[PDB]
Amino acid sequence: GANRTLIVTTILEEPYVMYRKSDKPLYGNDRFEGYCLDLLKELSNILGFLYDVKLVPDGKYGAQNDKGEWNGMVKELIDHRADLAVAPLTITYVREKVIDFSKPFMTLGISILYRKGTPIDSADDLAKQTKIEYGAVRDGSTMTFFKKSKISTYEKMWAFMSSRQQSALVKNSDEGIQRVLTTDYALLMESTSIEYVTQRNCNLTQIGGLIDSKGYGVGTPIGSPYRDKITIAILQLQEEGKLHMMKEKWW
Amino acid sequence: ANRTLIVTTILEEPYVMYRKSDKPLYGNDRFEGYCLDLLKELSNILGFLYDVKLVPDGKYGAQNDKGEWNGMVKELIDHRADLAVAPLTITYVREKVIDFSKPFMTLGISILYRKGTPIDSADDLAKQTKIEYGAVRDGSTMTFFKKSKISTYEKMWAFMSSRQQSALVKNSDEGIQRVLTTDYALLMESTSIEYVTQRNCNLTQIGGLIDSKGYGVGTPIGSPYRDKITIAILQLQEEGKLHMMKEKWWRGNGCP
Ligand SMILES: N[C@@H](CCC(=O)O)C(=O)O
Ligand SMILES: N[C@@H](CCC(=O)O)C(=O)O
């Protein structure tokens, strides 16, 4: 019979996945544009699948509690409510306990999103002072990096972000960018995103360099044939310069 | 007193370069660049003096048919240097034989070529004939192509290695000159491409990155400075000092 349509879990994040503006209503995948949708169209054609894009209901990437229970897109994959997660989702060893990733299609690191023309030049500068609040998206890999760090400065930063985490952690990056613009708040954010945001907001900058180095990959349930298949299709797109043309379009 | 460490390195802009002077210079004062600043910062943290020695064959390091290494990799294996502080790519094949610190910079292989052509990818170079292409002989880019099992890259390796490897170049400066003066594209690491295209505005990076790797400080297996260098790199990172060094040596006016 015809191929079962894949369910693709994703999350709203500029410029990876965004709502298309329209006079008329938009249904299905047509609700959506961005780097990840173009990626998905390419993967969809090289491998030949139809797909349904579903936004993760809780709107989170995925972190685990102390009982080993996950949420976000990670959970959607574990529980087979999705075949693939195609989003700016960080490949990490922790998540590899429970899901698979394709090889990476983009590389990145954690850095700071803050405002231009300040004394603040680094992580040490942020941790040491008081007036500027800082944190990360709740239940994403940046928050998890700090929560697990044994590095003395980052441990202090997690204590602060964790010492009332209701003021410091943000539900999403967009919520995150507002505090930046509005309050004295510095947002711990992935460099790919920081790049995009500052080309589009001229009061905003990256601060310091990368504090780590990671990749985004396509997520699958553990053992899925689509993992190796998507690794192969991503290599093809690298060969074709097609991922590069994708990045130039959206950034 | 503490033995002065021997540091193997290689000329490569802007990591390690001869400082300009009207007199000839000696010892460490000969050199400047990102890697010399990194070394100043490492030596303070760990408490050593160092002696900078350019790798005698001017190669980074690759293994021949007989399993024999050359380059800075060989200097380390043979214990002719304590440390390699250079833009030295951390690879699985080198990790079989020397150790590395955590990376201090990340990069990926890409393509340096002239601005204004239709070439936009490795596929486009690999399919055609008119434009010659290759990499620095006995460096990790050459090795990546040499060992690739990916069809496009195997073809590219067959080509750049044909006619007695005439498409390869001895060093990056020779490759950049080759790009500038003939119809030639250089397979080069992105950090280096970024430096070069700001200073040669008729050149550009083609396609994106075709792999993802790091530079790290190389030491012999077992070295009792390896983990201490990693701890220092970590400190430099949190303090923002790596980023400040990168700005010092890369940043300037974008192309008109
Ligand atoms: N890419 C991150 C989301 C954003 C962040 O945590 O900074 C993840 O997969 O969790
Ligand atoms: N960084 C490379 C040299 C440059 C190149 O191979 O493109 C190495 O460690 O061999």
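Residues numbered from 1 in each chain as written, not as in the entry; some residues may be left out. Chains lettered and ligands numbered in written order. Heavy atoms only, no water.

As recorded in the PDB header, X-ray crystallography is the method behind this entry, and the stated resolution is 1.95 Å.

Side note on the pattern of salt bridges
Residues and elements named next belong to chain A. Put simply, the test is: In the sections that follow, a salt bridge refers to a side-chain nitrogen of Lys or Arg positioned within 4 Å of a carboxyl oxygen of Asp or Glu. Numbering goes from the N terminus for both helices and strands, where a helix is a DSSP run of H or I of at least four residues and a strand is a run of E of at least two. Per-residue accessibility, obtained with a 1.4 Å probe over protein chains only, is compared with the maximum for each type, and a residue is labelled buried under 20%, exposed over 50%, and partly exposed between these values.
Tallied over the full model, the rule gives 25 salt bridges over all chains. Its salt-bridge partner being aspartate 139, residue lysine 60 comes within 2.8 Å of it at the nearest N-O pair. Note that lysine 60 is positioned in the loop between β4 (51–55) and α2 (72–78) and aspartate 139 in the loop between β9 (133–135) and α4 (141–148), a separation of 79 residues in sequence. With relative accessibility at 13%, the residue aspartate 139 sits in the buried group. Each of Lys75, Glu76, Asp79 and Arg81 takes part in a single network of salt bridges with overlapping partners.

Some words on the sheet that holds strand β8 (residues 110–115) of chain A
Paired through backbone hydrogen bonds, the strands of a sheet run either parallel or antiparallel to each other. Residue and element names in this part refer to chain A. This is how the line gets drawn: At least two DSSP bridges between two strands are required for those strands to pair. Note on definitions: angles span 0 to 180 degrees between N-to-C directions of axes, and those axes are lines fitted to C-alpha atoms, for helices only across the stretch in contact. Note on contacts: a residue pair qualifies if any of its non-hydrogen atoms lie within 4.5 Å across the two residues.
Spatially, four strands are ordered β9-β10-β8-β11 in an open sheet, and the strand pairing comes out mixed. Unpaired on one side and paired on the other, β9 and β11 (204–207) mark the two borders of the sheet. The average undirected angle you get between the axes of adjacent strands in this sheet is 30°. As paired strands, β8 and β11 are joined by four bridges and run antiparallel to one another. The residue bridging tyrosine 114 from the neighbouring strand is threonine 205, located in β11. On top of the sheet, α4 reaches β8 and β10 (185–190); it is set at about 100° to β10, its chief contact.

What to know about the site of ligand 2
All names here are of chain B. Note the threshold: Residue proximity to a molecule or strand is established when one non-hydrogen atom of the residue lies within 4 Å of it. Here a polar contact is recorded for every N or O atom pair within 3.5 Å, except that within protein the pair must consist of a potential hydrogen donor and a potential acceptor, and residues adjacent in sequence are included only if both atoms are side-chain atoms. Surface accessibility in these figures is a Shrake-Rupley result with a 1.4 Å probe; residues are shielded only by whichever protein chains are displayed. All domain edges in this entry derive from an automatic or database-based domain assignment.
Every residue close to ligand 2 is listed here: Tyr60, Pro87, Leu88, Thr89, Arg94, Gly139, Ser140, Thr141, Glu189 and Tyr215. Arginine 94 is positioned such that a nitrogen or oxygen atom in its side chain is 2.7 Å from an oxygen atom of ligand 2. Here ligand 2 loses 96% of its free accessible area of 290 Å² to cover by the protein chains. Taken together, domain 1 (1–107 + 213–256) and domain 2 (108–212) each give at least three residues to the shell around ligand 2, which thus spans both.

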